[PDB]
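Below, in structure tokens: the form deposited in one PDB entry, a single chain.
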């Protein structure tokens, strides 16, 4: 059997590395580039301009590289960039983003995007993220490394999801989630930090201790964001993980989840 199934539709302008697999009844549209070791399943719709990296897996009934609704004018160049070693499960929908304003939809490496998850236009996903079933990013959402968004997490446009943060199932996020923070409910509320994920990553006892103290400064001692940021300056300069936490609060444009 051929690597590229004869029942698939491959546009002449698509560029696939020699060992790429495409399942039956899949469509690889114009301006779609697929890197080495990528496996496209059956019944997949790929639309471009889209660049897919190496060793990716894209499952049936997914629509990857869908139109950007934002378009300032008809024919504005758009793009979707996907990195390496990602898993895109069944029914996933991923929209492209605008090139001109550096707002392309981009996905990094080692991500797991589970069944029927949705990635809205201009969203940026880092590395080692998990977007569980039916998680939806409205648009212009930034998801930093190692974030875990539990099943049916909804993210309002322009929200930033901090590195190593966690949302509980069915969370509705309207504000920025600082790095490491665990959020739950509709509307989302901050509960704690994902200390479990810190240990799995091999954070030192001292870095975990400073992060636990950092959480209290921000959420449990009646400080304003401005006051909290000044109180964390000292710890952030000493612990890169605390600087990650402080930086996410500093870069919050929609306020932080409380």
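Positions refer to the first chain, counted from 1. Residues that one form lacks are left out of the comparison. Rigid core: the largest C-alpha set superposing within 1.5 Å between the two forms.
Same protein, other form: the form deposited in another entry, not shown, and the subject of what follows.
> With the two forms fitted on the rigid core, I'd like to know which residue in 98, 93, 111, 106 is displaced by 2 angstroms or more at its CA between this form and the one not shown.
That would be 98.
> Under a superposition restricted to the rigid core, does residue 38 display a Cα displacement of 2 angstroms or more between this form and the one not shown?
Superposed on the core, residue 38 moves its C-alpha less than 2 Å between this form and the one not shown.
> Superposing on the rigid core, is the CA of residue 70 displaced by 2 Å or more between this form and the one not shown?
Where the cores coincide, residue 70 still shows a C-alpha shift between this form and the one not shown that is 2 Å or more.
> Please check whether, in the other form, the CA atoms of residue 140 and residue 73 lie closer or farther apart than here, given a change of 3 Å or more.
It is closer: in the other form, the C-alpha atoms of residue 140 and residue 73 lie at least 3 Å nearer than they do here.
> Knowing the shift is 3 Å or more, I'd like to know if the C-alpha atoms of residue 100 and residue 140 are closer or farther apart in the other form than in the shown chain.
The answer is closer, because the C-alphas of residue 100 and residue 140 approach each other in the other form by 3 Å or more.
> With the two forms aligned on the rigid core, where do runs of 3 or more residues move by 2 angstroms or more at the CA atoms between this form and the one not shown?
Moving regions between this form and the one not shown: 68-76, 98-103.
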